[PDB]
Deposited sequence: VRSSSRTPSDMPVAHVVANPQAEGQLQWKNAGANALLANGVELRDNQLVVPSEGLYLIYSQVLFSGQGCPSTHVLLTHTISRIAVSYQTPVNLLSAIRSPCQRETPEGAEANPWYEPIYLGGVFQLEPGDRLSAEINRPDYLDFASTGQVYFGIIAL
């Protein structure tokens, strides 16, 4: 019955210094057409999708005078190997006790069959996949 194309994938903990999504964990979804290919979610159908993502950024101190953390959801159309941002957010973590920066991305978008979605970051060397629930990427057809 729960037959709408859907995905809720999480970061792999054993994958050191990389944001690589997996259909693993007690509560992860890759269902009703959606695929995880080349670290990307493949859209099986045309329609309105709710898409979202969260990354937890962590670090011990502030090494450089200034560092910028970004979180992006981009779209690649089937014959168009050139990604295009749908959601994007930026945080400056600083202007030695640890810091934390969760970044939530969320929106409703018109998607086409075969579109690839990536949830990317610039600083995987600051990712914190240290616990369940902290790093996720999901989509649902509406």
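Comparing the deposited sequence with the modelled residues, the stretches lacking C-alpha coordinates are 1-7, 103-110.
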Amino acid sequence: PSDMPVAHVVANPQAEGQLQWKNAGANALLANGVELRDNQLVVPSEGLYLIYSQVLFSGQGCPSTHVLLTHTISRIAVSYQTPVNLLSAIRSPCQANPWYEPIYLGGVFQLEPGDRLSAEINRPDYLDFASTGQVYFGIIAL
From here on, numbers count along this sequence of modelled residues.
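70-78 and 28-36 differ in mean CA B-factor, and the higher of the two is recorded for 70-78. The mean Cα B-factor in the deposited entry runs higher for 58-66 than for the other of 58-66 and 104-112. Of the candidates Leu48, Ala89, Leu41, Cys94, the one whose C-alpha carries the top B factor in the deposited record is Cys94.
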